[PDB]
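Numbering (the entry's author numbering), first residue to last: 9 to 117.
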């Protein structure tokens with residue numbers, strides 16, 4: 009139910025330079041494509057973010073990581089995992105997925 013609300017929000021208000029795909033056989037998995045913003049070190053490079061909604065979503069945060077190859081960044085591990093407080097300790101269950109992705113893009117930029 010909350011996933012459908014987020015889907016509307018994301019499609020209607022997608023983060024800058026992002027487009028959405030969803031898994032055809034799993035309503036709980038999204039793949040976000042980000043094209044690196046001009047005037048940042050990732051300009052024109054394509055990165056893909058996998059988003060998994062756990063069974064306890066939204067009280068439990070979505071799991072979010074970059075597909076291979078991930079952007080080279082201090083807060084992105086070789087396996088694409090992301091070190092970001094909003095996804096962990098500072099998670100608020102009212103966070104929109106669109107805003108989560110925009111915060112990642114901000115972190116990268």
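Just so it is clear, CB atoms sit at the ideal spot from N, CA and C, and this is done for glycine as well.
For this session: Please state whether DSSP places residue 16 in a helix, a strand or coil.
Result: Helix, per DSSP.
Exercise. Where does residue 112 fall in DSSP's three states?
Worked result: Helix at residue 112.
Exercise. Taking just the CA atoms, how far does residue 25 sit from residue 56?
Worked result: One Cα belongs to residue 56, the other to residue 25, and the distance between them is close to 12 Å.
Exercise. On the three-state DSSP scale, how would you describe residue 71?
Worked result: Reduced to three states, the DSSP call for residue 71 is strand.
For this session: Could you name the residues of the same chain whose beta carbon sits closer than 6 Å to that of residue 29, not counting the 5 residues immediately before and after it, in chain order?
Result: Apart from the 5 residues on each side of it in sequence, residue 29 sits with its Cβ closer than 6 Å to the Cβ of 39 in its chain, given in chain order.
For this session: Would you kindly report the start and end of the unbroken beta strand (DSSP E) that includes residue 39?
Result: 37-43 is the extent of the beta strand (DSSP E) around residue 39.
For this session: Please say whether residue 102 and residue 18 have beta carbons closer to each other than 7 Å?
Result: Not in contact: residue 18 and residue 102 (Cβ atoms no closer than 7 Å).
Exercise. Where does residue 11 fall in DSSP's three states?
Worked result: Residue 11 sits in a helix when the DSSP states are folded into three classes.
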